[PDB]
Amino acid sequence: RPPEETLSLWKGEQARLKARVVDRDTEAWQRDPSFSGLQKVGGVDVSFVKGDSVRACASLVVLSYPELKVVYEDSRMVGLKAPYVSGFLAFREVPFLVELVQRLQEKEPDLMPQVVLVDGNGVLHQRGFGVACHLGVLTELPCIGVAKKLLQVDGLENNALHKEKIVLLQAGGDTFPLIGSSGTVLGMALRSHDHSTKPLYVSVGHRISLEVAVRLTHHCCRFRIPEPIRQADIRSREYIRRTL
Amino acid sequence: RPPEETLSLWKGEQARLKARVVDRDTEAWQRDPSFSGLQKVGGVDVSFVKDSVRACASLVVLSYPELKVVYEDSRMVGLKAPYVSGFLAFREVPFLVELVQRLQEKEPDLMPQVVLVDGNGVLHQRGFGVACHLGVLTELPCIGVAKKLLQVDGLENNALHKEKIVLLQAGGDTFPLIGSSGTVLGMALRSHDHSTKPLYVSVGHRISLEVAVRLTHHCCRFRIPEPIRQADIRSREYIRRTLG
RNA sequence: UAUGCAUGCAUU
RNA sequence: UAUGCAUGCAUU
Ligand SMILES: [Mn+2]
Ligand SMILES: [Mn+2]
Ligand SMILES: [Mn+2]
Ligand SMILES: [Mn+2]
Ligand SMILES: [Mn+2]
Ligand SMILES: [Mn+2]
Ligand SMILES: [Mn+2]
Ligand SMILES: [Mn+2]
Ligand SMILES: [Mn+2]
Ligand SMILES: [Mn+2]
Ligand SMILES: [Mn+2]
């Protein structure tokens with residue numbers, strides 16, 4: 001665990017950058033009934049080596065929409081600087097994702113994604129500023145947080161009531177809202193596919209509304225994990241595997 | 001692949017040893033409705049290090065009917081011959097025989113009354129698969145259990161075969177594998193109610209096919225019978241506990 | 001045999 | 001995040 005000085009610096013940085021988050025739609029395709037104008041959807045992920053605390057592999061992919069085919073992949077081995085601490089995920093993974101976005105601008109600027117799906121929460125976060133917000137503010141790209149487990153903050157809990165609501169999700173696209181003790185809607189549970197029971201937890205990262213974020217996440221789901229995140233996960237793990 | 005002159009020598013050896021296979025019951029517990037008298041069921045497997053020489057050969061003995069492991073011998077070995085379909089014994093069997101001999105020296109009262117082998121017996125290009133080969137070299141009763149169909153003597157995994165598999169509806173259901181010669185070479189077996197891919201069971205030595213199938217079914221907590229499953233799990237764990 | 005993917009359970 | 005197991009499909 002990092003020293004308190006590091007964690008203090010981290011909390012202060014999250015509070016500083018949180019003032020820049022935009023939690024409403026700012027792109028014309030977002031207000032379109034079929035997302036007309038949306039052509040490129042990004043996904044990011046970092047995979048790790050079981051033996052090694054230093055080496056990781058970061059991946060950025062860009063997919064065509066609505067076809068969901070990979071038109072760009074950049075995967076690179078990186079040197080880890082921070083350990084994993086819940087609530088501070090960005091300080092472990094986000095510096096490498098920002099660099100991949102910058103490399104894309106240098107290499108294939110016409111494939112810059114119009115929105116990025118991030119493997120982690122956005123505003124559903126201990127301090128309202130998860131990795132998806134953090135990437136969005138540092139890149140100014142619209143970003144969606146997609147998490148596979150419920151971050152138990154603001155009274156949210158994976159209890160019997162929560163599991164009851166999960167059973168009530170019956171088809172792909174069904175949802176229920178994640179309400180905090182303050183009464184605010186932090187995100188949505190989403191049944192991403194007809195043949196999956198475990199929901200995704202979707203929240204706003206940056207420059208998108210929750211309703212649009214949920215609907216786009218659903219439209220990217222060939223399987224349970226949305227295809228951009230899924231392809232970034234698959235390809236970064238393949239890189240680690242082929243270099244053992 | 002070994003040269004054809006080598007494979008021809010191996011075929012000749014398989015033909016000579018086949019004269020020693022006994023494909024009927026020779027143990028009093030075998031004809032018993034509940035296998036009363038059966039206390040010890042063996043299982044063998046060889047796992048490999050993803051390096052072509054090093055492997056881990058495992059012998060387990062399980063109590064019956066509780067299916068609890070009362071003996072495990074997992075041994076790193078230097079494997080020499082490559083896998084050639086129809087010649088599996090020339091890769092794995094010398095090391096399995098050595099494990100049985102080690103058991104006799106170490107815990108002779110735990111010698112198994114029957115061994116389940118991860119591979120075919122008489123269901124085989126020349127009617128003499130690895131399970132027959134282990135049985136004849138140890139004189140132990142042996143059952144061959146394969147996880148996919150060896151396509152010999154007109155047997156094929158075609159649509160007709162797949163339709164018969166769909167007719168297997170409950171755990172214990174079987175259908176016979178009839179060769180073009182008119183012989184019943186083995187049985188397809190549905191291991192349990194929640195599995196659809198069958199096991200392919202055949203006589204190794206000193207057991208009838210009907211008894212071999214019924215005992216295989218009694219060892220199935222999951223799709224793979226518990227003696228083979230434990231040998232597979234524990235030999236893989238042994239490899240990880242060193243190299244993995 | 002080893003690996004990949006899908007779906008779920010557990011551990012972390 | 002990584003690992004184990006379960007069930008299926010695929011490559012070999
Ligand atoms: Mn379009
Ligand atoms: Mn991730
Ligand atoms: Mn991942
Ligand atoms: Mn690759
Ligand atoms: Mn008994
Ligand atoms: Mn095997
Ligand atoms: Mn095995
Ligand atoms: Mn295996
Ligand atoms: Mn999984
Ligand atoms: Mn993972
Ligand atoms: Mn499997």
Side-chain angles (χ1 to χ4, degrees), chain A residues 44-59 80 82-86 88-89 92-93 96 119-120 131 147-149 151 163 166-167 172 191-200 221-225 227 229-242 244, chain B residues 1 44-49 51-58 77 79 81-85 87-88 91-92 95 118-119 130 146-148 157 162 165-166 171 190-199 220-224 226 228-236 238-240 243-244:
Chain A
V44 287
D45 192 38
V46 182
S47 296
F48 299 81
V49 198
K50 191 241 217 298
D52 189 5
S53 64
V54 171
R55 284 182 282 191
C57 178
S59 292
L80 291 167
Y84 172 70
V85 190
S86 182
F88 299 103
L89 178 57
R92 175 165 174 83
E93 304 194 347
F96 311 111
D119 184 27
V131 67
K148 318 183 280 293
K149 300 167 171 155
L151 182 51
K163 294 196 175 57
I166 288 174
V167 182
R191 176 145 177 176
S192 63
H193 193 266
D194 293 335
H195 300 294
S196 172
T197 52
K198 260 219 172 192
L200 302 175
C221 280
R222 275 215 289 143
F223 300 99
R224 171 172 180 254
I225 307 299
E227 195 62 11
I229 292 164
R230 181 178 168 259
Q231 285 301 322
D233 174 84
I234 285 173
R235 291 166 136 92
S236 58
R237 282 190 294 103
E238 180 194 27
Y239 188 160
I240 283 170
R241 254 197 318 274
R242 298 176 65 189
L244 286 322
Chain B
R1 186 168 176 106
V44 289
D45 192 36
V46 180
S47 295
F48 296 79
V49 294
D51 190 5
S52 64
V53 39
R54 231 135 40 192
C56 178
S58 279
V77 299
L79 222 310
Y83 171 73
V84 191
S85 182
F87 300 97
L88 177 56
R91 174 167 183 86
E92 303 195 346
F95 301 96
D118 184 27
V130 65
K147 317 183 280 295
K148 43 189 178 199
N157 189 18
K162 294 193 176 57
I165 290 173
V166 98
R190 177 145 176 177
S191 320
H192 63 85
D193 298 337
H194 298 294
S195 170
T196 57
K197 184 183 175 67
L199 301 173
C220 281
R221 284 207 166 116
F222 299 102
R223 173 174 181 256
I224 307 300
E226 197 65 11
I228 293 166
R229 184 179 169 260
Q230 286 301 320
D232 173 86
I233 285 174
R234 290 160 188 265
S235 58
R236 283 190 293 102
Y238 193 89
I239 283 171
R240 299 195 299 274
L243 297 349

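In what follows, chains carry the letters A, B, and so on, assigned in the order in which the sequence lines appear, proteins first and then strands, with residues in each chain numbered from 1.
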Could you tell me whether the phosphate oxygens of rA6(C), OP1 or OP2, come under 4.0 Å of any side-chain nitrogen or oxygen in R230(A)? yes
Reading RNA chain D from 5' onward, which residue's closest nucleotide shows up sooner: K162(B) or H192(B)? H192(B)
Atom pair OG1/CZ of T197(A) and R191(A) - distance to nearest 0.5 Å: 6.5 Å
Just the rounded figure in Å: distance from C1' of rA2(D) to CG of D119(A). 13 Å
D45(B) near the nucleic acid: base, sugar-phosphate alone, or nothing, with a heavy-atom cut-off under 4.0 Å? sugar-phosphate
Steps toward side chain to side chain contact (heavy atoms under 4.5 Å, CB included) verdict (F48(A), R237(A)): CA-CA 8 Å; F48(A) 299 81; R237(A) 282 190 294 103; over 6 Å; no
If only side-chain N and O atoms of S195(B) are considered, is one of them under 4.0 Å from the OP1 or OP2 phosphate oxygen of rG8(D)? yes
Between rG8(C) (P) and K198(A) (NZ): distance, integer Å: 8 Å
Taking any strand in view, what nucleotide pairs with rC9(C) in a Watson-Crick or G-U wobble way, both distances under 3.5 Å? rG4(D)
Indicate, with a heavy-atom threshold strictly under 4.0 Å, whether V49(A) touches base, sugar-phosphate, or nothing. nothing
Counting the atoms with a prime plus P, OP1 and OP2 as sugar-phosphate, which does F222(B) contact under 4.0 Å by heavy atoms, base, sugar-phosphate, or nothing? sugar-phosphate
Taking 4.0 Å as the cut-off, does a side-chain nitrogen or oxygen of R223(B) come that near to OP1 or OP2 on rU7(D)? no
For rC5(D) and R236(B) - does any side-chain N or O of the residue sit under 4.0 Å from the phosphate oxygens OP1/OP2? yes
Output for pair (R242(A) CZ, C57(A) SG), nearest 0.5 Å, gives 11.5 Å
Candidates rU1(D), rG8(C), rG4(C) - which lies nearest the side chain of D233(A): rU1(D)
N/O (side chain, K147(B)) to phosphate O (OP1/OP2, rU1(C)) under 4.0 Å: yes
Which of these nucleotides, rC5(C), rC5(D), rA2(C), is closest to any side-chain atom of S47(B)? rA2(C)
Any donor-acceptor pair under 3.5 Å joining the side chain of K149(A) to the base of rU12(C)? yes
Are any side-chain N or O atoms of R92(A) and backbone N or O atoms of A82(A), one a donor and one an acceptor, separated by less than 3.5 Å? yes
All heavy atoms of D119(A) vs all of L89(A), minimum pair found to be O-CD2, 4.4 Å
